[PDB]
Structure formats: C-alpha cells, structure tokens
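Only one chain is included here, represented as structure tokens and corresponding to the form deposited in one PDB entry.
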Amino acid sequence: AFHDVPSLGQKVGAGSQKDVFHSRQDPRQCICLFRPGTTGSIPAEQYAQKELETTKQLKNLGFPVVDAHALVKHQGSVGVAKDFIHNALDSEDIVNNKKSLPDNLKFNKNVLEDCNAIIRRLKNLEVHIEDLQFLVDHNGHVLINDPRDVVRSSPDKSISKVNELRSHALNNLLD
C-alpha cells in the first residue's frame, strides 16, 4: 500500500508530526511524511491510512478537503501524497493570532462563505471531525487538512472550530 518515493522535492513546511515536501513526480502534489517518533505507540502507517481514509470520507460527504491520493514512503518514513496548496495559510496560526489573513476583500469573502458552507454541512449532517483544522489557499478558499476521523455525533465542537477561523474574516469585512 505504501509506495516508495525515491526522491523528495524542496521542503515547504513542518508541523508537530509531519514534514512536507514538493513532489518531484508531480508539481501539483506534495509528499507529507511523518517524522520518526511523532506518532508514539500507534504505527505511523495507521495514522497515514486514517488521514487518507478520513479525507475520502469527508470528500464523499461534500466537504472541501485537501485531497489525498496515495500512501507513500521515503527512507523508512511513511505518509500521504496530497494536493499542494501554494502559499497556504494554516488555520491554527490564524486562530492563534500567530499570523494574519490578508486585507484583500475577495480573499476574506471566500474565507467567510467557505466557513459558512462548512458549518452549514456540519450542522445539517451532525458529524464531528476529530482534530479539525484547515489550509487557506491563496484565493482564501478553506480546505480541511489532516482530518483524523469523522463520526456521526454532535457537530458543536467542530462548528466552533470553523467559527474560530471565520471570525477573523468576519472582523476584517466589518473593517
């Protein structure tokens, strides 16, 4: 299931568990690899599979997602090949006030409308997405990234997650 990626492209980011690289085989994609030791007692393979599967479940449910295409490995590290979102902003940086959305009007309008649509679907379906977070693309579109699970349950916590991010766009559009 895990397909070898002999050569990695330029590094574009790093989080609490994953290093992310340009895919050399496809410029539209990136290679997202779990760094050794970050997943503790759960095999990283199981995290990668759950990331891919949950992404496909959410796509099937109509959510906007960073699409994921395959399980990959490189030098014994495992992960997921995904769409590359150029100049992406991490939602956690925005809600943490570590970074700021651009002032652009159309940009914040896309953030607002996309957050509305995500909340709308969460509320209607009544599903909960574990570790819900997003990438915001260069036009302001909001894409679910690194979802760990989705289950039918109270959507209130997930909605609060989206509302966190939307509030920054909402505040910009009022000013």
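Numbering starts at 1 and follows the sequence shown. The term rigid core refers to the maximal set of C-alpha atoms that superpose within 1.5 Å between the two forms.
FYI, the form deposited in another entry isn't displayed, but the following is about it.
- Superposing the two forms on their core leaves just one of 139, 38, 133, 116 with a Cα displacement of at least 2 Å between this form and the one not shown, namely 38.
- For residue 153, the Cα coordinates differ by under 2 angstroms between this form and the one not shown after the core has been superposed.
- After superposition on the rigid core, displacement of the C-alpha of residue 14 between this form and the one not shown amounts to 2 Å or more.
- Expansion of the residue 45-residue 14 CA spacing by 3 Å or more is recorded in the other entry, set against this form.
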